[PDB]
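What follows is the residue order along each chain.
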Amino acid sequence: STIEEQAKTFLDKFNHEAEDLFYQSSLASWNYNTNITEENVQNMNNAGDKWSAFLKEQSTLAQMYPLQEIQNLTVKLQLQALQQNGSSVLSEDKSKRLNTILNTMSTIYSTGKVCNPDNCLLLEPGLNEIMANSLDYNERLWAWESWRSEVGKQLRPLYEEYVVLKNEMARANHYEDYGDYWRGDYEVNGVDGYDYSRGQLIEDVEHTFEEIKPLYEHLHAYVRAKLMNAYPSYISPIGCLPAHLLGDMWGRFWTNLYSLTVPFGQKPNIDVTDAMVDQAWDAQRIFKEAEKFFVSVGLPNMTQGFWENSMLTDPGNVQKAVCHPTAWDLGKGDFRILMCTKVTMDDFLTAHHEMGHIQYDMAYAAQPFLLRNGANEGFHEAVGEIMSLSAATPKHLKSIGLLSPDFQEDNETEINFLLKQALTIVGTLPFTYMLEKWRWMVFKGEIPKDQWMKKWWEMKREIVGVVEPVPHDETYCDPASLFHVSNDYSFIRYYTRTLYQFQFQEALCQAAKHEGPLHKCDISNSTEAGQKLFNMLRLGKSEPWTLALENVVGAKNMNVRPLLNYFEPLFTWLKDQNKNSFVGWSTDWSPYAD
Amino acid sequence: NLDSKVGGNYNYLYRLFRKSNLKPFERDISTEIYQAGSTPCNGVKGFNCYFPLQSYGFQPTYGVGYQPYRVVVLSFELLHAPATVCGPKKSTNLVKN
């Protein structure tokens, strides 16, 4: 008679029907990604529309069960996602044009290309590969500047419509703006004291970034000092670095600059590529050695169907498969991974990452279909990264025999390793905080359409310290060409991931009683840390992420302390080398303004 | 390796909803629509009216834990009727003198 009995009955039946159609929808996308055929492209759209329209039909009966009469926390969370109508709240004209803009911006990004000024290569892989190893000033500027001319300027009217259509959806959902929609993933309500406001994330990412500045300023001055001798006129000691020299198009990762930034070139570097050649290992034993890593910590092994259905290579051009590593979770215990596995040092750490998502999905797999998910968008990739961090340590490499036991491990070897991770990690946080905060300000309405590029480069010199060689007007749009913004994917998950992975790295090493620096820690063979982590992995989003985080690290929010401690050995070395230079940068310097 | 086939097998169903719990050794084949609330159903699907029988997805691609198992349950009951079924016997060699 009560609403709770009627709501639970709807959820018990919905979990079965939604799980059956989601498996066929994910299976149709699997056959299309592994094999390109005319039959699979139609099955992906057919099975994809059946699952998409299924949530739209069940959303009508979901809004008929108010959450005010339900005293259960697990029931209200299962009805929280079903209460939203998605795009049904938009008008018929705006709903149909919404999928058109998303498909048009995704097509232009895939079909976009920059023809050689001297002699036409597509961006991915073509332009993304050249910009990595290019040391030329003009060659990098030609591909960086001419791209946004036919893309950033062309996607501007499509980006303006993208802002208007998505703002009307948040207004019908009783959200302040569309920037608050992505902040609703961290929303926590229903528990006394653990409630987390949506507007709190704005103050959280801003406060944690303040303590990141002293660590980032020393690294930004270290990279600038190495590239200062090349172009002393364009690169000022108190100025900023050019945008096209960051190592790739958008400057997401600085790993491409690790070649020239090596502190000591007279010492060898740790590489498992040449070691796997003499051992003669194939793609079959790479996942097998990584499966034993999950057994040493107490986590269950992989099912027989997982290793049998794995795709280990690309059989030529007859049957083409996407080589981008991705962990696909279909359902009902069906776990598969599509990756092209060669013999490299990076594929070894990638195998622990791709298997980390599958191992993460095994803990909460006992939960209903509505309760199967990460607690947030940052916990998905963070679980796979902490598995790879323990594998990259010299202690784990000497255990299985990749690295020689007589290899000398000292400060000179470890500082070289911490710098490579810093270019990927430390360089990501200011860039992710910059672009995400810019989207929140434009979607809110604080920045007029004419000041989009005016505030973009102005706030860029303040955060990441990057100035444009060629000034741009309001016609260009930098985020429009980005992969995540154009494809409507969460850009905030990259900033919080760094803070979540380092908290878990410090907590697991304290449970196993590891001593010394944190980068020397290895979680292998230690079953004590796997038991404390397994309790949170099986919770998913059925429990508040603030409550599940306290059960591991004892903290109710994000904290910079594990970020500083793990980078502390590198921070002390960068401070001594930057004494001869100026720590920090100025926002009043420009390459074309003298 | 037998029941599961490519495309799914919808022949095997199960009763998801019932107003109460079944008694021991009871079989209910009734297809009557389950009524969750007080809303009338009358055999028509709708609000608070759900079709109880649901389908088992069967394909070889599913995980090992969820693979369907054929279960044969033997019910052993001793009544006052004369006993007939007994265990197997054993015959030995015959010797004389």
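Residues numbered from 1 in each chain as written, not as in the entry; some residues may be left out. Chains lettered and ligands numbered in written order. Part of a larger assembly, values for the part shown. Heavy atoms only, no water.

Student: Let's hear about the overall build of chain A: which residues, and what values?
Tutor: Counting its secondary structure elements, chain A contains 25 helices and six strands. A globule of 594 residues ought to have a C-alpha radius of gyration of about 25 Å, and chain A, at 25 Å, matches this closely. For the C-alpha atoms alone, the extent of chain A along its principal axes is close to 75 × 60 × 55 Å. The proportion of buried residues among the 594 residues of chain A is 50%. (Helix = DSSP H or I, 4+ residues; strand = E, 2+ residues; numbered from the N terminus. Rg over C-alpha atoms; globule rule 2.2 N^0.38 Å. Buried < 20%, exposed > 50% of the residue type's maximum accessible area, 1.4 Å probe, protein only.)

Student: Quick one: what's the story with the overall build of chain B, residue by residue and with numbers?
Tutor: Counting its secondary structure elements, chain B contains zero helices and four strands. What you see in chain B, going N to C, is helices and strands ordered as β-β-β-β. In terms of overall size, chain B is more extended than a compact globule, its C-alpha atoms giving a radius of gyration of 24 Å where 97 residues would be expected to give roughly 13 Å. A total of 97 residues make up chain B; the buried ones form 21% of that total. Long-range contacts, defined as pairs at least 24 residues apart, comprise 51% of the intrachain contacts of chain B with a sequence gap of at least 6. Surface exposure of chain B reaches about 8700 Å², of which carbon and sulfur atoms provide 56%. Of the side chains in chain B, 11 bear a positive and 5 a negative charge, and the two mean positions are spaced by 10 Å. (Contact = heavy atoms within 4.5 Å. Areas by Shrake-Rupley, 256 points an atom, 1.4 Å probe, with all protein chains shown as cover. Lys, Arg positive; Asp, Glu negative; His and termini not counted. Charge placed at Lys NZ, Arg CZ, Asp CG, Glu CD.)

Student: Can you tell me about the state of the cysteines, naming the residues and giving the values?
Tutor: All names here are of chain B. Summed over all chains, the structure comprises four disulfides over all chains. Two residues share a disulfide in this structure: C41 and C49, whose sulfurs sit 2.0 Å from each other. Sign of the S-S torsion, about -90° for the bond between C41 and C49, identifies this disulfide as left-handed. On the basis of relative accessible area, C41 is assigned to the buried category, the value being 11%. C49 sits in the buried class, given a relative accessible area of 4%. (Disulfide = S-S within 2.5 Å.)

Student: Explain the interface of chain B and chain A to me, and be specific about the residues and the numbers.
Tutor: If you look at the interface, chain B gives 20 residues, while chain A gives 22 residues. Counting every contact that joins chain B to chain A gives zero salt bridges. Residues of the side of chain B that touches chain A, tallied by class, amount to 11 nonpolar, nine polar and no charged. (Salt bridge = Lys/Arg side-chain N within 4 Å of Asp/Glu carboxyl O. Nonpolar A, V, L, I, M, F, W, Y, C, P; charged D, E, K, R; others polar.)

Student: Residues and numbers for the packing of aromatic side chains, please.
Tutor: All names here are of chain A. Counting across every chain of the model gives 44 aromatic pairs over all chains. Relative to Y178, the ring of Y162 has its centre 6.4 Å away and its plane inclined at 80°; by these criteria the two rings are edge-to-face. Of the two residues, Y162 sits in helix α7 (residues 156–172) while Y178 sits in the loop between α7 and α8 (179–183), which places them 16 residues apart along the sequence. The pair formed by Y162 and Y178 is uniform in burial state, with each residue classed as buried. Ring centres 5.2 Å apart and planes at 80° place the aromatic pair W438 and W456 in the edge-to-face group. Of the two residues, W438 sits in helix α17 (residues 428–444) while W456 sits in helix α18 (residues 452–463), which places them 18 residues apart along the sequence. Assigned by exposure class, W438 and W456 land together as buried. Pairwise contacts between aromatic rings join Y162, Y175, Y178, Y181, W182 and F443 into one cluster. (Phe/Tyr/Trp six-rings, centres within 6.5 Å; stacked < 30°, edge-to-face > 60°.)

Student: An account of the UniProt feature "disulfide bond" in chain A is requested, with residue identities and associated values reported.
Tutor: All names here are of chain A. Only sulfur pairs under 2.5 Å apart are read as disulfides, and the UniProt pair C115 and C120, at 2.0 Å, is one of them here. For the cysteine pair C509 and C521, annotated in UniProt as disulfide-linked, the sulfur atoms lie 2.0 Å apart, within bonding distance in this model. Taken together, the residues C509 in helix α21 (residues 493–511) and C521 in the loop between α21 and α22 (528–537) connect sequence positions 12 residues apart. Each member of the pair, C509 as well as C521, carries the same accessibility label: buried. (UniProt positions renumbered as here; feature names shortened; annotations may be inferred.)

Student: Could you give an account of the nonpolar core, naming the residues involved and the relevant values?
Tutor: Residues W147 and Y159 of chain A are the most contacted members of the largest nonpolar core, which totals 140 residues. Ignoring any residue separated from it by four or fewer positions in sequence, one finds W147 of chain A in contact with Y109, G112, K113, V114, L123, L127, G152, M249, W250 and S481 of chain A. With 17 residues, the next largest nonpolar core counts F54, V75 and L82 of chain A together with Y34 of chain B among its residues. (Core = buried A, V, L, I, M, F, W, Y, C linked by side-chain atoms within 4.5 Å.)

Student: Account for the pattern of salt bridges, naming residues and giving values.
Tutor: Pairing between side chains of opposite charge can happen when their charged atoms approach one another. Residues and elements named next belong to chain A. Throughout the structure, instances matching the rule amount to 20 salt bridges over all chains. Between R198 and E187 there is a salt bridge, with the nearest N and O atoms lying 3.0 Å from each other. Of this pair, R198 sits in the loop between α8 and α9 (200–228) while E187 sits in the loop between α8 and α9; the two residues are 11 residues apart in sequence, bridging distant segments of the chain. Since its relative accessible area comes to 23%, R198 is described here as partly exposed.

Student: With reference to specific residues and values, describe the packing of α9 of chain A against α17 of chain A.
Tutor: Residue and element names in this part refer to chain A. In contact at an axis separation of 10 Å, α9 and α17 are set at 150° when each is read in the N-to-C sense. On the basis of the axis angle, α9 is roughly antiparallel to α17. Of the two possible hands of crossing, α9 and α17 adopt the one that is left-handed. Residue-level inspection shows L201, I202, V205, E206, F209, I212 and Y216 of α9 in contact with α17, the latter providing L429, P430, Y433 and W440. Its residues placed into classes, the contact of α9 with α17 shows 10 nonpolar, no polar and one charged. (Axes fitted to C-alpha atoms, helices over the stretch in contact; angles between N-to-C directions. Parallel < 35°, antiparallel > 145°, perpendicular 65-115°, else oblique. Left-handed = near helix turned anticlockwise from the far one by under 90°.)

Student: Requested: an account of a negative patch on the surface, with residues and values cited.
Tutor: Together, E203, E206, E210 and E211 of chain A make up a region of like negative charge exposed at the surface. Relative to the elements of secondary structure, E210 of chain A occurs in helix α9. (Patch = residues over 30% accessible without salt bridge, like charges linked within 9 Å, V, L, I, M, F, W, Y side chains within 5 Å.)

Student: So what about the environment of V188 of chain A? Which residues, and what values?
Tutor: Residues and elements named next belong to chain A. As for its position among the elements, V188 is in the loop between α8 and α9. In this structure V188 comes out as buried when scored by relative accessible area, which is 4%. When the C-alpha positions of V188 and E462 are compared, they lie 32 Å apart, and in sequence the two are 274 residues distant. Beyond its immediate stretch of four places on either side in the chain, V188 contacts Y194, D195, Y196, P544, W545 and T546.

Student: With reference to specific residues and values, describe the UniProt feature "disulfide bond" in chain B.
Tutor: The sulfur-sulfur separation between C41 of chain B and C49 of chain B, a disulfide according to UniProt, is 2.0 Å, below the 2.5 Å limit, so the bridge is formed here. This pair shows no difference in class: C41 of chain B is buried, exactly as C49 of chain B is.

Student: Go over helix α5 (residues 123–133) of chain A with me, naming the residues and quoting the values.
Tutor: Residue and element names in this part refer to chain A. For α5, the set of buried residues is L123, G126, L127 and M131. Projected down its long axis, α5 shows its buried positions confined to an angular sector of 110°, all on one face. In α5, the exposed positions that point more than 90 degrees away from the buried face belong to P125, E129 and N133. Contact partners of the buried residues in α5: α4 (92–111), β1 (113–114), β2 (121–122) and α6 (137–150). (Arc of directions from axis to C-beta.)

Student: Describe the environment of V464 of chain A, with residues and values.
Tutor: All names here are of chain A. With respect to the secondary-structure elements, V464 resides in the loop between α18 and β6 (466–467). Assessed through its relative accessible area of 6%, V464 is described here as buried. Spatially, the C-alpha atom of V464 lies 9.1 Å from that of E217, the residues being 247 residues apart in sequence. Among residues more than four places away in sequence, those in contact with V464 are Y216, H220, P430, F431, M434 and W585.

Student: Account for the pairing of strand β4 (residues 326–331) of chain A, with residues named and values stated.
Tutor: Residues and elements named next belong to chain A. Across five bridges, β4 lies against strand β5 (residues 334–338) in antiparallel orientation. The residue of β5 that forms the bridge with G331 is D334. In this structure, the hairpin formed by β4 and β5 is closed by a connection of two residues, where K332 is found at a positive phi of approximately 50°. (Pairing = 2+ DSSP bridges.)

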